[PDB]
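> Mind having a look at this structure? Questions to follow.
A quick note on method: Cβ atoms are made from the backbone with ideal geometry, for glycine too, and the neighbour counts reach across all protein chains shown. What follows draws every value from the coordinates through simple rules; no lab data is involved.
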Amino acid sequence: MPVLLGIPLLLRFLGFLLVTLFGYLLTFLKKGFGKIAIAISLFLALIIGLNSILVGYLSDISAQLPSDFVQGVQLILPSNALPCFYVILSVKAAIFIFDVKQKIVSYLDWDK
Amino acid sequence: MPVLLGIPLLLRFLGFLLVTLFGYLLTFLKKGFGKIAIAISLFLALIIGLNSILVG
């Protein structure tokens with residue numbers, strides 16, 4: 001299909017610019033997915049950090065019940081007493097895992 | 001590779017506009033990273049400010 005002497009080179013060039021420019025958009029996309037990697041890392045590192053401080057206070061402020069105040073406690077205590085206490089400590093843990101995991105699903109809105 | 005008398009200047013011009021326009025996007029990017037500098041500054045300055053009142 002006959003054409004002029006310069007048209008075939010205008011048509012090859014208009015698809016070199018497009019591939020180059022669509023090449024830059026890719027490079028920048030990948031960079032922004034690296035920010036959400038740095039961010040997540042930081043957060044989880046600050047949590048693991050606080051843990052190590054707090055668990056390091058409780059070692060020198062320690063005391064035990066005198067041995068004379070046992071005969072008392074072991075006359076009044078039911079069977080479901082200590083089992084109940086443990087529940088109040090397991091419900092706490094569960095809620096902390098729910099909270100951390102709910103904040104990792106919100107990082108899916110950082111790539112928009 | 002023989003071409004007409006005006007095609008080589010259409011091809012040089014279509015890459016002058018692109019570099020000029022891609023030049024403006026850079027200028028505006030840098031401005032928006034300056035807003036997040038002003039913002040952070042402000043916040044930390046309001047905290048340091050309250051401290052000085054309360055301890056007084």
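> For the residue pair A:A94 and A:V70, what label-to-label distance in nm results when each label sits 7 Å from Cα along the Cα-to-beta-carbon direction?
Label-label distance for A:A94 and A:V70, simple model: 3.4 nm.
> Specify which residue in the list B:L21, A:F33, B:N51 is farthest towards the positive end of the charge dipole of the protein assembly as shown, using unit charges on the beta carbon of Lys, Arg (+1) and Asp, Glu (-1), about the Cα centre.
It is B:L21.
> Can you pull the Kirkwood radius for chain B, inverse mean 1/r over Cα pairs, to one decimal in Å?
The answer is 15.9 Å.
> I want to make sure I understand the PRE zone here: with the label point 7 angstrom from the Cα of B:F43 toward its beta carbon, which residues in the range A:16-47 have backbone N atoms less than 20 Å away?
The answer is A:35-47, whose backbone nitrogens lie closer than 20 Å to the label point.
> Quick check: the angle from helix B:17-54's long axis to the longest principal axis of chain B, C-alpha only, nearest 10 degrees?
0 degrees
> Sort all Cα-Cα distances of the range A:17-104 into consecutive 5 angstrom bins from zero, then give the percent of pairs in each bin up to the one containing the longest distance.
2, 8, 9, 11, 12, 11, 9, 8, 7, 5, 4, 3, 3, 2, 2, 1, 1, 0
> Relative to a virtual label point 7 Å from the Cα of B:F22 in the Cα→beta-carbon direction, which members of the range A:13-32 show backbone nitrogen distances below 13 Å?
A:16-28
> May I pose another question? Within 10 Å of each residue's Cβ, count the other Cβ atoms and sort B:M1, A:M1 from fewest upward.
A:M1, B:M1
> Sticking with this one: Cα-Cα over 25 Å: which of A:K35/B:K35; A:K31/A:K103; A:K31/B:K35; A:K30/B:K31; A:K101/B:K30; A:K112/B:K31? Don't jump to the answer; show the numbers that get you there.
Values: A:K35/B:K35 19 Å; A:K31/A:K103 22 Å; A:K31/B:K35 21 Å; A:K30/B:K31 22 Å; A:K101/B:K30 35 Å; A:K112/B:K31 21 Å.
Result: A:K101/B:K30 exceed 25 Å.
> How large is the charge dipole for chain A, taken about the Cα centre, if only the Cβ atoms of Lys, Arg (+1) and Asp, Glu (-1) carry charge, to the nearest 20 debye?
Dipole magnitude for chain A comes out near 740 debye.
> While we're on this one: Would you kindly calculate the mean projected area, averaged across all directions, of the convex hull enclosing the Cα atoms of the protein assembly as shown, in square nanometres?
Answer in nm², one decimal: 23.1.
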